[PDB]
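The form deposited in one PDB entry is given below as one chain in structure tokens.
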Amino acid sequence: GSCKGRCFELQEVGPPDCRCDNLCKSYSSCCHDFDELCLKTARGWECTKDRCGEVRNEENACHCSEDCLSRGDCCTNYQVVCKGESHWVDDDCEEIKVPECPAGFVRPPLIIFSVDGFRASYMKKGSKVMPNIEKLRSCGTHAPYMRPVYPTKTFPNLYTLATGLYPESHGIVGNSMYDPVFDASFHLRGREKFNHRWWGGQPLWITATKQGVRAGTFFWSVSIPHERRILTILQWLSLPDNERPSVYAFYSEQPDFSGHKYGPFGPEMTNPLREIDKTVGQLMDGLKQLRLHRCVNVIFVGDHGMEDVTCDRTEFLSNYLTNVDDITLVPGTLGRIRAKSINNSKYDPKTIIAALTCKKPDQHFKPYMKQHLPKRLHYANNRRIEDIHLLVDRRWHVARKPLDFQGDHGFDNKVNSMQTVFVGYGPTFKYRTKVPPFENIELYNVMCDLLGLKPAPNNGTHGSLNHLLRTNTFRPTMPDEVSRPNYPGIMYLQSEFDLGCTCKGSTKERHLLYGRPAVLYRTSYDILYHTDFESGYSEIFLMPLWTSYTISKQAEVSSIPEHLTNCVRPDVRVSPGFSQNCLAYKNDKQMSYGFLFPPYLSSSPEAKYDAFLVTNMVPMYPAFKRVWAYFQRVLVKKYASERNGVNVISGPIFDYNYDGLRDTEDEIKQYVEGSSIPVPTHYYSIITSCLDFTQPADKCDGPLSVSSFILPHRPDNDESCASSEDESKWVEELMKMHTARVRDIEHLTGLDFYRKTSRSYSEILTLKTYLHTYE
């Protein structure tokens, strides 16, 4: 019936009782006196000098009476104007060496201050526009930016923060999406989004609650203004020990809305940012007056940035397709295409992909079957992700027809305009510390560490951001190796093979700079030593799982001599029964081959003959060989020249079910015609070097530097619109587009890299999560 003494109560109440919680207005279920009692606006949100030492009047929004501090419901500036205190921002930066909390506090609390559409470059405007945020940033731990997830939209990224999962795993694949099993659609606006069936993983608030850590209700009806929310969090912090929460969240809708209307670089972004900074000031002054400003950990985090995107810069599918009322398009900074009506046999995905590929010369979107999207996006393993996908250029839109804002976002998460912010301030965070950019998928683990919680299974690499924290409650531990390698000697003569083919200390210490990769699944494979390279040959897959070699700054490149162009030699160490054969490659019209260690970089003409071994051979399409041959012949030398030598671990990936994980035997769906030689979906390479570039790769004392990619193993090069031209014009931009982290390849291969270095394991986990973006 009533909400007296009950306003913003942390417990939910079932029917037939009316509600007084922070989300009751969105569920149309508050008591009649909720607005009266709980949403008082009288006399503003700030104490004035006139109001100091007032008698308590219950109609006021916040109070300036003597008893306000006892009750914990003063205005945030009460002590500033009435007790002559300073604003938190006006004070000197002071190191928080331990948490300074009142007695009763079993842990430092966590407040997540979430900002929507906050571009990373907005922080360059600094204390001139945002005093409080610039203090948080400069005094606590901060990054130059933080990479969001794709699509760079609100709900996928916000829920990625809460779960540490990619959108494909947590299920919130866009702001808008259709589910073929539910036969229902999800939008920002509407009642469907409240149905729990859409939301997968385990968000931080559930993780907290399940492990006995009380979480302060995260969600606020849009009717409830920002000042009220800040005041309620501060009031919750005043609650007695047994009742009060240890984790809180504030979501701000700005500066997303201002970013859309006036663009990222408009003069009209300043007041939005001042409004954000003002709100942060009310939190910090409020915490300061509750004596919690050196107790609570504050995270100031964004979900994505903002780009200049005008309606004049729009692509129309009606220029490419003659069937646009047979499809439904999810439009804008990305495209997702589906059959409009279910029960339409004439709809064909292949003809749609054909009609969208490389038509205009200046075409501002690229079509994809989702399995062929760059693996770094991890945007494919969900029934709500349509098979047809359009990656739209930065600064552009894709709509269906001309009859369907100065800023937008949703583009590829590597794009600089999509980068957002991270600051961590408080006892548990480090002091005056810059840290390198990282992915928002990592933060769920950090937030669990801050609250002393065991994270749920997620896509962060736990330990990869220990360098953000003053004290770590998690020390990372190397995974145990499952499959011991065999080291088979010579045990098969050259006359004992019939394949239709015609033609160690020094190895390890130069070609495995960072130790042997550990196989974290059950299989049988062989280590094979050669002069120019080392490999882990799989007996099950008939090819190397990995092939490691090293190329100095002054190493020569050579040709494949013409009498060895078709040369394939049987490996005397490896059985015929566990070897490939060249007869399959003949009988397979579309399938050719290539080599993992390049014959183009062999140290001598004699050593070159190991490169032509059957145990270095992998299946490759003629189209792919153009990419692979350019990489090996030209670019691997180029990287050695620039980076003072490079270690290169290359190999195959099999991911036919596009889940970003290593395929088992039964999950492989294509083989070389009439054989058991499995065809890779991708080929990787992990190109490592010394960060101190003056020291060579094999003489690196300090930290390491890494690049990697996962090239898609395609029958054509339709993805590259300049594939008719010379490889110098197109293949390097293809590679850059499919750049990857070492971690992505470890998911896809079930191998573990960098197991013997001089670097600490947490530092190596940071190396494994690194992504070169070329921006």
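If you superpose the two forms and keep the largest set of C-alpha atoms that fall within 1.5 Å, you have the rigid core. Counting begins at 1, following the sequence as shown.
Absent from the display: the form deposited in another entry. The rest refers to it.
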item: Core-superposed comparison between the shown form and the other one - Cα displaced by 2 angstroms or more, from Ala740, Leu734, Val706, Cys31; value: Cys31
item: After fitting the core, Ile764 CA displacement of 2 Å or more between the shown form and the other one; value: no
item: Rigid core superposed: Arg71 CA moves 2 Å or more between the shown form and the other one; value: yes
